[PDB]
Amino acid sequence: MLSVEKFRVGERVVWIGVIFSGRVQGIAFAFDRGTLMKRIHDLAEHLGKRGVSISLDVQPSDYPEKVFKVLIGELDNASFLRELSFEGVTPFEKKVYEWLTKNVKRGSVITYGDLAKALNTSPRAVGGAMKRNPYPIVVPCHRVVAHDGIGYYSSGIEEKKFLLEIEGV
């Protein structure tokens, strides 16, 4: 199932889409509904290639609002972990996502290199996992930056900057 909702943050508008079936399967966000739908489709295609069964029929749910509460800091990232299904996520990816969520706090950042060192892995493996994160916002991959710049983000540089700004970075 899919739930889509628009939220206002001052003069900006943020659209949040949540794919779910029992527990959360995927999350996407954007500043306009058309972009949101393209990201939802890209995410469904990726999860479907990993064997996850997805239905995009639109249904009401409180998931979008819960995700918005994490975004604005009303709910901490780690408290949302129990809502995630981890369907289509490899054991390695899950390990990275959980460490990041429990240890990289709101208001702070970490470089790809430092995250890799903390998990005994390579910066390229961590980069691959961040690109594939099906749970943006809640699994805070926007807090992972380059040592000399903002770094990449699968959902847009402006989106990454917006999230960092909101968190006080």
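All residue numbers refer to positions in the sequence shown, first residue = 1.
message = So, looking at the entry's B-factor column for Cα atoms, which has the higher mean, 26-34 or 58-66?
response = If you average the C-alpha B-factors of 26-34 and of 58-66, the larger mean comes out for 58-66.
query = Taking only the CA atoms, which stretch has the higher mean B-factor in the record, 7-15 or 150-158?
reply = Stretch with the greater average CA B-factor: 150-158.
request  = Compare the C-alpha B factor of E87 with those of the other modelled residues in its chain, then answer lowest, middle or highest third.
outcome  = It belongs to the middle third of the chain when residues are ordered by C-alpha B-factor.
ask   = Considering only modelled residues of the same chain, in which third does the CA B-factor of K49 rank: lowest, middle or highest?
value = Answer is middle: the recorded C-alpha B-factor places it there.
request  = Going by the recorded CA B-factors, say which third of the chain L2 sits in, lowest, middle or highest.
outcome  = Lowest third.
query = Which third of the chain does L71 land in by C-alpha B-factor: lowest, middle or highest?
reply = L71: CA B-factor falls in the middle third of its chain.
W99 by Cα B-factor - lowest, middle or highest third of the modelled chain = Middle third of the chain for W99's C-alpha B-factor.
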